[PDB]
Ligand SMILES: Nc1ncnc2c1ncn2[C@@H]1O[C@H](COP(=O)(O)OP(=O)(O)O)[C@@H](O)[C@H]1O
Ligand SMILES: Nc1ncnc2c1ncn2[C@@H]1O[C@H](COP(=O)(O)OP(=O)(O)O)[C@@H](O)[C@H]1O
Ligand SMILES: Nc1ncnc2c1ncn2[C@@H]1O[C@H](COP(=O)(O)OP(=O)(O)O)[C@@H](O)[C@H]1O
Ligand SMILES: Nc1ncnc2c1ncn2[C@@H]1O[C@H](COP(=O)(O)OP(=O)(O)O)[C@@H](O)[C@H]1O
Ligand SMILES: [Mg+2]
Ligand SMILES: [Mg+2]
Ligand SMILES: [Mg+2]
Ligand SMILES: [Mg+2]
């Protein structure tokens, strides 16, 4: 049977068959709920909407995320998303296809047990396995040694790996992710007078962010260039047909990854976390991690993030170390691909907790199998 | 002092401007920001209709002229009319020379850089002010409260804002501006009086509805209880005498109108209620300081002058927060007049006399000096 | 004149006069520093806060330790701690009161020299002495023979002593200390859904650690009790009044001392190091060390550590050897008490390095005198 | 050149560890470059004294024994510290001459004894003199000021400047007595009798026992003695100043309160005081803390009889006296009202308390209402006057704030009453102003009052350092007359630290204005502002609530505790309401009287002081510097360390230096041309009046060292103006006889 693979994404869910190089399904995790009143008697009106059919009704609906900070916010809405892929999108049955799931490291034990309980009972899946999102993108990098930095919409984590063996004292996690960069963009656009208040506008700001924002090679140089030349200033057309101006915001927004003091965090910048994790690794494997830094996730997709990261790490590390940054053409599309690769292996077919195993051994079996 | 003339304190109120001298206990001047323009027709042979009227002169001519606000949503709508107000302030009410005296202005946080740079440019170029400072309204309300720690909710006519303050420090992530303010409550009262049968259609009538609002409206302790009481007893129903000498009835509109602060769904907003924004900002603050903000909630600005609002705020925050926390709501008398008083307290300090952007600093450094001194 | 005695404590500094029953001063060494922006005009503010004045402004300031791994991190910050001690807390001049200091063995020569250079110049002390922290707590214990295990916040060390004569080929020093147990607690609480990121939260976790954690007599039995009966589960209210649950973490965190592999540390457990140091001693004195094990320092203050240590050493040692674990009241202050006793001896006042000795003979006189 | 004088047998001044300076007869002649100097000390011992090898600089040379003990230190051949200290030392110990001159300054020494020299034939001795015709005395200073008024119509002032025990109080009294007795030829003797009789009243209500002076004068008093065109006294205006308020409530174990309270206690045996039911001095807080209700060598009942006679001489009715006495007994009865804490922020008083019973009875006030306002307070909000209970500490503060206020109200009444009794004509021709003020003060604790009185002395020394030195040298430079610039202590900085926009009292007023201003926070604000910069101010190492400032005399450490509250000086309205409601008639009169500035003590006082110093500087000034010889208060006991410190704090050495340089008299060329035209010959006068003045002064004074010339002025030494006036009188007389 075609083993199904699914990346549970904080802002964007992806799913498909094992062996495919690309997910068959890719849609927003955000759901929708109407407001105002009943337009007419009946009229095919729904009490809830999912993904693109919620995005087409922005401002009529209130948008809700089933995931925040890597963990599930509402299990009914996550069950709604799972069902939408299985029957409405992929048009298959979970009770016929083994389904691989994946989550962030240092995720609560209760989050995983409840996730597996729903999948094994509500969807009666025949077999199931839970992967860590960071190891899958390193499998797509096709290397056994490499420090992977994975930054999504809702969570961020850095994982040093050597010969296929992670270091559980040196692995890290960061509260800062792409959602906070969107909230920051709204505040720095408010400094011009552009005040936003609804989730309908937040999605247009999230687009503006992905279209126009970039990472500075030297923050001061870009700040002086914006003030002196004004050449970094651009325009953008909103859905009502009005234009708005944007320029300083393009570099200030992504600089938060390196300066979390912008949003008031005491936390260190992404470059520091990767460097400190190498310093927490054994001195013999440090060089090989320096030659194998791996960017992953949608937030790492940013113009100039790799040149700045190389510069920032070269400034901290010894001058004899060959600092190398691997930045896959698609960093968001890498965790799913690793899952599709992993699920295709004949040797991995034993690592699939079965329905019978789960029912006999109880929910804690998933943590005994993974660890 | 003896050897030194005053500095001038002025609050830029959206419906009501207040000004006076540093160290006075109340503003020597308080008048509507409203500017009026003749919307009538030819009547007198020697018609002395002043092109424009200001404050009281405009209020005494409601229906003969139209009423324009120089401020909407915390920001300036027309700078010529704001220059006209500043003129009336220092050349009629206080009747001074602004050329000789330092002047303090004040505005809402999260305000456009342009709305502040243009404000300082006009005051230095057209009023030759020797030195000036731009304060945040919320910090002046906290100074009048007389504490170093408190979460201040400041709701005016044209804007509402919420800034939690711990010790001599601010938290930039917990600042929360709100689009809902006392003007929207007036427009909502007109809608629910229209639902009864009283249709109002002009700024001259809107000012009578704003009076009715401030005289008769109150905040419910439990909305449902007040809805049931109004329907069952009719005891909340009262009468009001309009300027033509006719009477109108009002009762359910007394609690439905202020309830919009706790239920913005009344006007169609997705936005959270005033209690929710204050609570969420405490949860965005550090855990060690949440308790001291929970015991120091501070009400400020003219939209807080509603009967029952402090007791309701307490109940609402006590329902959200852990029951072990001592929820306290500070509501000082004259909440609308607390920002000015705080500006007067600040301006009375001698170590603050050097914190003013001077005419020489402006000329040499250009308008961005205000965002390099105050900001 | 009276002498002063001072314990340079990694996480807690203590000071007082010679011959007193307890230190006059005991406060955190953590030096605070503003990381927030001010808004009140006219407030008594400083660029650096100390001890309880840093703790009373948590979150608003960032907390920095002047000591890590028993070695000074910043000399200016340690100079500000000595300043606060002499003029703000003790209210007496060092220029008149001789000041005994104390540090961990296997500490760099430069750490001792720069410490004594600062004291002899900036504080113009007349006389000074540098003791080893381990011998002082054995003096408080009142024995000439014993194996002292001293575990602080920032360093752990082990010293077999016979008839007042340490065995320098047998002495040990474990990097693992009470700070790592706090970092471990934060990681094992994140699995229960309790994520922490700032030094302000780390101090609340430290309080939770000292209040609720205990050492297991049999680790497996406590895991089985937590899973089967759950009676080990307690609760804790936070500064903001919200409650949190804690149970398995109460025995998992102190168990790291016996199993450093818990985070991923390839060193032997505390019992193994004490046993190996007895094996590095001559057989004739081993029996007397086996009956004179001495617990010392704030990390040994865990409920159930003495009986477990007795069990673990009885399993390693010959069955004929009488295994005894001495674990007095006020174990973290025993080092200070030993220093006071030393500085009161009429036959020790000739061992103090004088300001003259330092000036004429240069900074290395400290090593020549102490050793 | 001076190196030639250090020959064999040349007594000098070697620095002494204990005696400050020791004399040494040279045993050898200093050879050019003799860094070693064999000398012989007066103890009979030889020494090889050594010089500074960077300079070869020699010790101060001793004046010849013939010049020792002179009437003015300018008469010495050598002008230095050892000389001026030694001359004052031998005079006080041997000659008993407590008075010596330093040019314009008269130096005055406390003998700790009556020397009852004074008498009518001494008034006759100084009558008709010129200065220097008779010896140094406050009587000559008073006679000279009187002459200066009588000859030129100018206004005058007498300024005292001494330590808290240096004769400055009674020296000013004897000088005032001089004016009163010289004017005693007039038939209005009772006006001068009232001027004298005002002082024992002011002493009883304003002087008290300190560890420094047993009759320390705790307020200041400038008097303005007015005179007519016959130069006879018409009366005197009193202008009193700041009076201590903590003296009324707190007394140190070695100090006392204002004497009036202890005089009242001694008087309690008479039926008029048995009516006020007055207790003994151990019954009241405001009398008992001093521990000694009687001073040695006095009787408080004798002093009470004196004050009652002085009131009768001032025309103050026994009824007014009895009214003030009832009020003073009322202050004592309030000072021991009982308080019993409740809750924590609450406190009740006994409805049977006897002191409280006689208190409300003597004021004629409702017990219940007095109690209500002593247990509860009114909120400052104008829209809702809601009540708030007060703690035992706040209720104790309300007792003491009320007692302080009532004392002010009655002191201000007395000084207004004496000014009505000392009535004078609507315009005076000319006036002389004697001034007396509290002196420099230190104790083991120093507070806002010490800060104020030391700043007042700082301002007095400042004006002196200007008129005598700074302004004088500027006059010379402006008139372009050959002159050498003078060195002096500029204490104007010790003033800019207090007066300027970031200064101590301005920051004290800010932390009074701010509701979160508080003790540590102000002290820390000073630390944040001034330790980083200024020379004069420091923090002590160990003390963390204290600060130390250098003054003209010496450094004084003020404690930050008790600063903001004494600067605020607030009083409970709820208590002033019931006092204004008193059925006793006196108390309602005492409690009855487009922008504003609200004023603290620090503001109010600095203004009062600027006004005073401007009205002094408008006159022609005279300066006496008072010196204390031993803290032991032992009679005729001269301590060298004590005196050398006092004379360097005043700057006596530099005053002698500038008065030895001479040339204080000045006349414009045209003024000399008009005044001494009778001395000018019709062939010697020219169209250039400058040359005319030069041509005649060349003939009139042969000694070229006594006169100088300026751009538009002519300069002259002491006494030379009196010689020119004697020539003017004699020549006018001869001319009148010649044309007869
Ligand atoms: N080109 C881009 N530029 C900036 N941000 C991007 C870009 N592509 C994706 N992102 C951000 O990455 C997140 C979504 O990427 P993805 O890794 O697929 O999310 P998820 O965590 O839901 O799987 C959002 O925060 C989005 O704004
Ligand atoms: N007693 C009251 N009842 C109701 N609304 C009030 C009352 N007092 C003031 N307001 C409202 O508050 C606003 C004016 O108060 P103020 O704080 O001075 O506003 P601003 O400073 O923004 O001009 C107006 O919307 C006015 O209607
Ligand atoms: N009663 C206790 N229970 C558990 N841990 C404790 C206890 N007392 C101290 N600790 C821990 O031990 C360390 C304190 O050791 P201490 O002797 O104070 O070291 P130092 O004096 O070198 O700073 C810290 O990690 C602290 O959290
Ligand atoms: N010439 C003098 N004749 C008599 N007594 C004198 C004389 N000079 C000083 N005294 C005495 O000196 C003492 C102190 O004088 P006083 O004026 O009180 O000092 P001060 O005001 O400087 O503290 C008094 O007892 C006073 O009688
Ligand atoms: Mg992802
Ligand atoms: Mg307002
Ligand atoms: Mg220790
Ligand atoms: Mg005196």
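Chain B residue numbers are taken from Swiss-Prot; in order, the displayed residues are 3-377.
Cβ from N, Cα, C; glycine included.
What Swiss-Prot says about this one:
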type    : residues  : note
MOD_RES : B:3       : N-acetylaspartate
MOD_RES : B:46      : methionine (R)-sulfoxide
MOD_RES : B:49      : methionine (R)-sulfoxide
REGION  : B:112-125 : region 'Interaction with alpha-actinin'
MOD_RES : B:179     : ADP-ribosylarginine
REGION  : B:360-372 : region 'Interaction with alpha-actinin'
- Query: Between residue B:46 (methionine (R)-sulfoxide) and residue B:179 (ADP-ribosylarginine), what C-alpha distance do you get in Å?
  - Reply: 48
- Note on the structure: Listed in sequence order, the modified residues from B:46, B:49, B:179 whose CB sits under 8 Å of a chain D CB are none
- So for residue B:3 (N-acetylaspartate), how many other CB atoms are inside 10 Å of its CB? 10
- Within 10 angstroms of the C-beta of residue B:49 (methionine (R)-sulfoxide), the count of other C-beta atoms across all shown chains comes to 9
- Message: Return only the integer: C-alpha distance in Å from residue B:3 (N-acetylaspartate) to residue B:49 (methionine (R)-sulfoxide).
- Response: 47
- Message: Please report the distance from the Cα of residue B:49 (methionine (R)-sulfoxide) to the Cα of the residue listed as 'ADP-ribosylarginine', rounded to the nearest angstrom.
- Response: 46
- Query: Around residue B:46 (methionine (R)-sulfoxide), how many other C-beta atoms are within 10 angstroms of its C-beta?
  - Reply: 7
- Under 8 Å by Cβ from residue B:179 (ADP-ribosylarginine), counting only residues of that chain that are 6 or more apart: B:76, B:110, B:111, B:112, B:161, B:162, B:163, B:164
- So, by DSSP, how many helix, strand and coil residues make up the region 'Interaction with alpha-actinin' (B:112-125)? 11 helix, 0 strand, 3 coil
- Task: Can you see whether DSSP assigns residue B:46 (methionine (R)-sulfoxide) to helix, strand or coil?
- Result: coil
